[PDB]
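What follows are structure tokens for two forms of the same protein chain, given separately as structure 1 and structure 2.
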Structure 1
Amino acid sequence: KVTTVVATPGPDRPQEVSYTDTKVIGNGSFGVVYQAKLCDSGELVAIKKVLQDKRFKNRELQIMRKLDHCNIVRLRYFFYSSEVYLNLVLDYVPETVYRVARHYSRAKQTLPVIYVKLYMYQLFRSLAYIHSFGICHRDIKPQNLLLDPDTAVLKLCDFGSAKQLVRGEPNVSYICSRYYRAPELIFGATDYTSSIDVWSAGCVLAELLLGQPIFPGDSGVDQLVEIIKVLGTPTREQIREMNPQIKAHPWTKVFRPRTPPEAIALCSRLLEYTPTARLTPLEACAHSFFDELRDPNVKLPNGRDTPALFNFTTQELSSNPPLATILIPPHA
């Protein structure tokens, strides 16, 4: 059974696109996500079908049309169906950081630090890119970090919670997946910045080192109790910057004995109560935890070369251009 639609490439000029072998792979309040095979190339795609009101633009679509980056899933096409549905057609990526982490956790093992470095570095590159446009993802979690098993390339997906943040325009605070939710959001802040994604990235890093979520809250409010158990009660000034008294647990005692000190140091500079005290994504990319990735002899565990990690555009470096001397090593 072949379906033929008139799709606009993600130059607004539609073309006929045919696909087959459709199967449901995902769900949500937005609608359904399918996997399908394009007829000409045989390439696999993910098709996200969203119920769309004909009165007003789709925010996810407008954000996806502006993105062109190696570490973000590419919007190949979009089309309409049926009650109108918007359908986003993206290149299919079979694995995720969530599935990889779960496999290690069930086998009582930790993910090799080379993979933690490769995944986190590519996530920080995708965030430096989207943040350079004022766009905040607002749902950074391991389930939205797609991985190519053979190349170790990471791609950020699901821009359904994303938003261009404009100063003076309030934003919803009950946002982000709970375990990865920044403390200013739990305090009800509506004037938050892109640094909420950096808190989420720090939660993903800590989870990859620990083998389980660092802050496993059982409700939106208990999420703050879980955070407090580790970072201690925030001071009055920390609370002001964001929007059961306990002393902070020492960072070295949070992680396992053989955890690299550079991973702990990076984690401590991401999981800060004060949003402005957190590293920006470009600064996180320049951290000494990623030094091994800038070694000219670095290879993936399967013997292949690592993905292209140094092809930074001017747009990616725009927040701090002098960081290119650390980010692009002389051999590249």
Structure 2
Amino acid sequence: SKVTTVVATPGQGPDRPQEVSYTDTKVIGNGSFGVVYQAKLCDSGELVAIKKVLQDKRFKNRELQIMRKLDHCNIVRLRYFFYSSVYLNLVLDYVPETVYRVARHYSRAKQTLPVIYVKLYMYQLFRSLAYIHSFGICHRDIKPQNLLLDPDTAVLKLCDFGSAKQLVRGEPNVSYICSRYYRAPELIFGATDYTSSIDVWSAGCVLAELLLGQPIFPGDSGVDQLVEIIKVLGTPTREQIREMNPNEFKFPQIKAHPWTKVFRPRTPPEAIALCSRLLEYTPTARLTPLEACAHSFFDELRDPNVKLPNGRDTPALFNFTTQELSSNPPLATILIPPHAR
């Protein structure tokens, strides 16, 4: 197998290029995100992923800019970046599995993903959002394919930052963004000036999907997506519109569908309770990521005796930086339990 030696800049150092040799290069994804490869680093033995994303020659990549600004255990780490045939190559932590494949295995086996795995996976998604959100970075593509899992350690790493943007207060962004099923209604309603909270809607969609075993708003066109969200939440008050986008569309007033009525009869109430505080027609209603962590739902994860279904200890959950504890710093007592402090 070809040993490839590139010249690569570290992610977190100064711009200080190294010869980096990798091998066992296979391609494991190839799509709208470009090409993702698997590789083994020759000297460490460590597995890595390598996203090869299109670059002009003199057009400034935003993903890379953002990529080096981040160091969170629930975000996939940019180990190196380098160039080839011009293409930007991002050498990443390898993470074997995605929530999308996991969710589907269950779905296909007419089985629901154990609520505890929903607790962990959501928790780490919500921490990672509380992370990138403190920097005002909206991921803008939160969907099951974009949360990577290690199934053995239960670690979730949020990935693919190819749509993330440093959201500027008072500035216009595209409204046709995110994957249809996960796209907030403001986005649907052509809003060009949206908060980072669209992520948190997207996340609520992931959570509800994990509980329902199917997407919750599976529309079969951009327009139809509204029809799916109404089926559940109801017609948004014209007020609720004002609070989504000021300005379109034409709709009659369909009734809301109660929250307990949406989820299969045995779902924990703290789970349903949460969605209601995520899937809000109102962005300013959607809980901040950091608030979402403090939620009753993730209290089993605040148990000192908590274990994985394979006997093991949970991954890092309480290593909050003060950078992270900045949306609402008075949340440590009900975020950091009395054992990791």
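Here, residue number means position along structure 1's sequence, counting from 1. Note that the rigid core is defined as the largest set of C-alphas that superpose within 1.5 Å between two forms. Residues that one form lacks are left out of the comparison.
With the core held fixed by superposition, the comparison between structure 1 and structure 2 singles out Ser29 as the only member of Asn297, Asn302, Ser29, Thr276 whose CA moves by at least 2 angstroms. Superposed on the rigid core, the forms differ at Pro112: its CA is offset by 0.7 Å between structure 1 and structure 2. Superposing the rigid core and comparing between structure 1 and structure 2 gives a CA shift of 1.7 Å at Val50. By the rule of 2 Å per CA over three or more consecutive residues, the rigid core superposition between structure 1 and structure 2 yields shifted runs at 27-31, 54-56.
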